[PDB]
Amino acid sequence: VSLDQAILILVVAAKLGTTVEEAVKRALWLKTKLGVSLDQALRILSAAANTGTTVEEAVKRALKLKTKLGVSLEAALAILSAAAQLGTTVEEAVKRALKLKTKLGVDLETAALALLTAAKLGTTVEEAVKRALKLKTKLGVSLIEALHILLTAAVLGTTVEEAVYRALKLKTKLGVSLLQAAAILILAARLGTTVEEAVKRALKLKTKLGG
């Protein structure tokens, strides 16, 4: 596994409340039974947690949405997640996502990520997008990267500026990417532990899984 995948396995284990070995085995099971990538399997597990449904129910609803709309599995899972976080129906979340996709000129997955991030941050999606675009221009990151920083703030419970501070510090101290730094910070929060412990666990899992 890559460092990204190792971190995400641990995040989704924490989100589902399973053991780490159980998360790994669920991800490989989804790969085999559905023919999806590891990343897609992890997105399925994450969306199951985001929506409070069983993995089976999340897959059923995602495949239905993906087919009805003709969108990516990734986009469908993000929309399901946004609907649950917003406390609304899938149809309502789709309407919001299509509006945003049109206004910004982004793809549906990005729009859904923005809706999810804003709901978790406790802000309107216009305010979240404004802050993300400020990060994009000032830091030279992508919109997707900026939204993950907002998501980090949302999970950690800090201002965006503070999440930026912490992620850039980790980036420089560890030589990781910005997305890796965000994800480690999220992991440490979801584990109730130090960043040092989170990093240690990600590296040990990666070694246990082959390096």
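Throughout, we count residues from 1 along the sequence that is shown.
Higher average CA B factor: 31-39, of the stretches 140-148 and 31-39. Higher mean CA temperature factor between 199-207 and 6-14: 199-207, per the PDB entry. Highest C-alpha temperature factor among 59, 181, 49, 69 per the entry: 69. Ranked by Cα temperature factor within the chain, residue 104 sits in the highest third according to the deposited record. Ranked within its chain, residue 98 lands in the highest third, by CA B factor from the PDB record. Sort the modelled residues of the chain by CA B factor and residue 117 lands in the lowest third. Residue 84: CA B factor in the middle third of modelled residues in this chain (values from the PDB entry). Residue 135: CA B factor in the middle third of modelled residues in this chain (values from the PDB entry).
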